Amino acid sequence: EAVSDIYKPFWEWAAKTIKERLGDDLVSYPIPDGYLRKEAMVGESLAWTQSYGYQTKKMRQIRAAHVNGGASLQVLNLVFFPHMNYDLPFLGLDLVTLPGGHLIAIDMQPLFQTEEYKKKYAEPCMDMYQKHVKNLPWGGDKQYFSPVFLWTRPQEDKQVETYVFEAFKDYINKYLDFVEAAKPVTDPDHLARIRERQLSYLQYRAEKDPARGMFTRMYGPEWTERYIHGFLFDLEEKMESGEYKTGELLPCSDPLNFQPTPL
């Protein structure tokens, strides 16, 4: 038997790190009713999706979907979304384990591909990237890529538990370094372009995310569309709603949660 919940230690470390390094400012982000813990039968075993959601003064949303339907179906989809008054990149950590094998996509998806953006956010990561890409070779077959995109297909669970885990850890820590140092953008022209790039990226993810197929099979189309557009890649809904106010906390009374929520 292969490791059942290979990304459990990944999420636990991320939660510990988020809790410690963002502790002062970290508050809950609202998880819509019906999308905290979703279970279905697959095959043949129970298959659940656990959601986690947080926010800070600089981070519009940190959210994870942790999926587990046994060794053959495991996903950890963790993404950091900055507020629109910062020029920060996203941090995306998309870890997927299937019968075919592992699919690992780790990146700080940049708002811009200019030399000055790369100078600011790519070049400080080059050492980290070159270190980890040695162990995590290109995974095969762009405007949202950074120079330090790690796209790899480990063939053995041990590679995930070691090399992928260390890369996972380094990219989170390096990203949170950027977040600490980042300062509000006040120039209106810069803010207009930041918002354009954020909306373009989130529209792309909401429309083309590969989990749509998996979630539709497990829970049906309606739940899948609401999860994707209403939580995982929810900026456009929150903006059209009028809930999103740049740099402002989204009201939510739920307490911080970092552990599975028994259904």
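What follows draws every value from the coordinates through simple rules; no lab data is involved. We place every Cβ from the backbone using ideal geometry, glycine too, and count neighbours over all the protein chains shown.
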Report summary line: Here, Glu196 and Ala2, labelled 7 Å along Cα→Cβ, have an inter-label distance in nm of 4.4
Query raised in the report: Which shape class, rounded, prolate or oblate, goes with region 123-216 when its Cα gyration tensor gives a ≥ b ≥ c as root eigenvalues, a/c under 1.5 marks rounded, and past that a/b bigger than b/c marks prolate?
Result: oblate
Requested in this report: With +1 on each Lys and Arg Cβ and -1 on each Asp and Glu Cβ, and nothing else charged, work out how big the dipole of region 181-263 is about its Cα centre, in Debye to the nearest 20.
Outcome: 300
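As a test, work out the antiparallel percent of DSSP beta bridges whose residues both lie in region 38-108, rounded to the nearest 5.
Values: 34 of 34 bridges.
Bridges in region 38-108 are about 100 percent antiparallel.
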Query raised in the report: Within region 76-105, whose backbone N sits under 12 Å from a point 7 Å along Cα→Cβ of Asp157?
Result: 98
Query raised in the report: What ³J(HN,Hα) values, in whole Hz, does the Karplus curve 6.51 cos²θ - 1.76 cosθ + 1.60 give for region 83-95 when θ = phi - 60°, with x put for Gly and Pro?
Result: 4, 6, 8, 10, 8, 4, x, 6, 10, x, 10, 10, 10
Query - Proximal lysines relative to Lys57, as straight alpha-carbon distance under 16 Å, when same-chain residues fewer than 8 apart are discounted - result: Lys19, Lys183, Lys245
Query raised in the report: Taking H as built 1.01 Å from N, whose amide H comes closer than 5 Å to the amide H of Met59, not counting residues under 5 places away?
Result: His83
Report summary line: The size of the Cβ-based charge dipole (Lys, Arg +1; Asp, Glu -1) of the chain about the Cα centre, to the nearest 20 debye, is 280
Query - Unit charges on C-beta of K, R, D, E only; dipole of region 1-137, Debye - result: 280
Query raised in the report: In region 167-253, which GluC sites (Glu not before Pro) fall in coil by DSSP and have 15 or fewer other Cβ atoms within 10 Å?
Result: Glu243, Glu248
Query - Semi-axes of the equivalent ellipsoid for the chain, Cα gyration tensor, largest first, Å - result: 27, 23, 17
Report task. Could you let me know the centre-to-centre spacing of region 194-236 and region 45-115, using Cα atoms, in angstrom? Result -> 12
